[PDB]
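For reference, the structure is listed below as structure tokens.
Cβ: placed from backbone, ideal geometry, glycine included. Neighbour counts: every protein chain shown. Throughout, read-outs are computed from the coordinates displayed, never taken from laboratory work.
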Amino acid sequence: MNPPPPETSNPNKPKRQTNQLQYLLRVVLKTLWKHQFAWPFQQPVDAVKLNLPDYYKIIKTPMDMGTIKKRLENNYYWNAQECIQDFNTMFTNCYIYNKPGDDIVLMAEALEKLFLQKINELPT
Ligand SMILES: O=[N+]([O-])c1ccc(O)c2ncccc12
């Protein structure tokens, strides 16, 4: 059984649009999305389909770029640091569940390095 996916809207949560959050969607996310290694991270981990019934026994704060993208489109975040923390949760979950050198980890590491390149300079 997969858990419910993380929320992409929350009426009790204050919304905001900043230049930096616009940039995270238009430039950072949408460029990472097109990377050849992006596909495992474009939706919540489907532990059933992948026959990983221990995934959500280990990973208790799941995150994926599909959730992040919908959050950005919904202005779910208050600032860019909130969105960047979601990215870092997604990368860290992959390194927690997997082992150095695994094909999936090499993919995550490729994206994380590109992610770090892209957020080195945010608009003002
Ligand atoms: O294919 N996947 O979606 C996937 C995503 C993230 C992960 O940490 C995975 N680990 C093992 C197998 C598939 C994984």
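What is the order of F91, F41, fewest Cβ neighbours within 10 Å to most?
Neighbour counts put them in this order, fewest first: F91, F41.
Please report the projected area of the chain's Cα convex hull averaged over all directions, in nm².
Directional mean of the projected Cα hull area for the chain stands at 7.7 nm².
Mind putting a number on the dipole of the chain about its Cα centre? Charges go on the C-beta only, +1 for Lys and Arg and -1 for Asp and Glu, and I need it in Debye to the nearest 20.
380 debye
Under a cut-off of 17 Å between alpha-carbon atoms, report the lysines in cross-link reach of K34, not counting same-chain residues fewer than 8 places apart.
Straight-line reach from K34, under 17 Å: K69, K70, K113, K118.
Using alpha-carbon pairs under 8 Å, 6+ residues apart, how would you state the relative contact order of the chain in percent?
On the way: 139 pairs, mean separation 45.0, N = 124.
With pairs under 8 Å counted, the relative contact order is 36 percent.
Calculate, for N10 and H35, the FRET efficiency according to 1/(1 + (r/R0)^6) with r their C-beta to C-beta distance and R0 30 Å; round to the nearest 0.05. All intermediate terms of the calculation are to be shown ahead of the outcome.
Details: r = 29 Å, r/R0 = 0.96.
So, using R0 = 30 Å, E works out to roughly 0.55.
At a Cα cut-off below 16 Å, give the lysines reachable from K49, other chains included and same-chain residues fewer than 8 away excluded.
Qualifying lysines at Cα under 16 Å: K57.
Can you pull the one-decimal nm distance between simple spin-label points at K60 and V27, each 7 Å off the Cα toward Cβ?
3.7 nm
For every other residue with a beta carbon closer than 15 angstrom to the beta carbon of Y55, add +1 if it is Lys or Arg and -1 if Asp or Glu, then tell me the sum.
Around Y55, the surrounding residues sum to 0.
Taking every eigenvalue of the Cα gyration tensor of region 22-65, multiplying by 5 and rooting it, what semi-axes result, largest first, whole Å?
Working: eigenvalues 129, 30, 7 Å².
After scaling each eigenvalue by five and taking roots: 25, 12, 6 Å.
Using 1/(1 + (r/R0)^6) with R0 = 30 angstrom and r between the beta carbons of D103 and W78, what's the FRET efficiency to the nearest 0.05?
That gives a FRET efficiency of 0.25.
Mark the label point 7 Å from the Cα of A110 along Cα→Cβ and return the residues of region 24-60 whose backbone N is within less than 16 Å of it.
Under cut-off, by backbone N: 31-42.
In a GNM of the chain with a 10 Å cut-off on Cα contacts, which of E109, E82, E73 has the highest mean-square fluctuation?
Looking only at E109, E82, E73, the biggest GNM fluctuation is shown by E82.
Using alpha carbon centroids, what distance separates region 5-76 and region 86-124, in Å?
13 Å
List residues of region 80-98, by number, whose backbone nitrogen lies under 20 Å from a label position 7 Å along Cα→C-beta of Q17.
Taking a point 7 Å out along Cα→Cβ of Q17, the residues of region 80-98 whose backbone N falls under 20 Å are 80-84.
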